[PDB]
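Before any questions on how it binds or moves, here is one chain, the form deposited in one PDB entry, in structure tokens.
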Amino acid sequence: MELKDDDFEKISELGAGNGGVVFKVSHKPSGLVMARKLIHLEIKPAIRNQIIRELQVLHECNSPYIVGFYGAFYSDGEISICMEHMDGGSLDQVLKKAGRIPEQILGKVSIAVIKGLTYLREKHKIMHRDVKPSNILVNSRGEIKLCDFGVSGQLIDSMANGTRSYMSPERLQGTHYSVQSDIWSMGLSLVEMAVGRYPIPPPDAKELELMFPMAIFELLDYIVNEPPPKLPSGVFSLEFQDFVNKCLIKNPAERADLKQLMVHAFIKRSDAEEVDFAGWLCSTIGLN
């Protein structure tokens, strides 16, 4: 059935970021609990209609590694995107509660990200464009899924316009970037989650012992002109270290792609491992 503004009842606020709020809502005709994202854009009616039209391809984005979509519509000054409610929230929220995410859990995260990115590329011919811990959602069933990807060319354009960045060196410097940019973001996101803080500027000797704000030109100059961040040695396996190293190669053509990462030792190893992600999640965030 068609979604409209009327038919929704607000339960609570799940969070907000830059240009969006997301509510936990009841869709009253169906009884279904959803996450309803509201994007406020001051744009002409014809552009707004193209955006809505282009979000309908989300009905066709069906994957265990992609957040379910129910519908998208416009109502007073706001574009609504209605999606599956993910009761574990995002990986940035889980990281705050966890302090630090176990390497084994990050093995399952990595698999799901690579698989979601692969699905988007293979089946929809698109890059994600916004990989970072807050765009990876989890639930009490142990599901790990991507949201907030570039499905709509016009919405990409209209959104265009930090104390931290997940954008690749090539994307920071110009228009010459593509699917490889997403690999860098994934790599950086994994280092942050492994280590328990945004990893740029690198943890010094003292910080590493103790666990185991930058101006924005300073930060972006670092990303482009300094060597990429790196997992600590000792605390993480050489497979994981090599995995994030291959994600964080500055030249995007020598950086590993999804095809290579899918057969990387670390993935093979994680693929094999018996991990109770669902139980880990619930304990750390207090679901059950």
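Basically, rigid core = biggest C-alpha set you can superpose within 1.5 Å across the two forms. Numbers follow the displayed sequence, beginning with 1.
_Residues with no coordinates between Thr175 and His176, taken from the deposited sequence as a class_ = Count of unmodelled residues in between: none.
Using what the record says, work out whether there is a hole in the model between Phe212 and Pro213 and how many deposited residues it spans (none, 1 to 3, 4 to 9, 10 or more). The entry has a long gap there, with 10 or more residues left out between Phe212 and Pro213.
Unshown form deposited in another entry; subsequent notes refer to it.
* Rigid core as reference, CA moved 2 Å or more between the shown form and the other one - which of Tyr177, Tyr74, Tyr119, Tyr198? -> The one that moves 2 Å or more is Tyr177.
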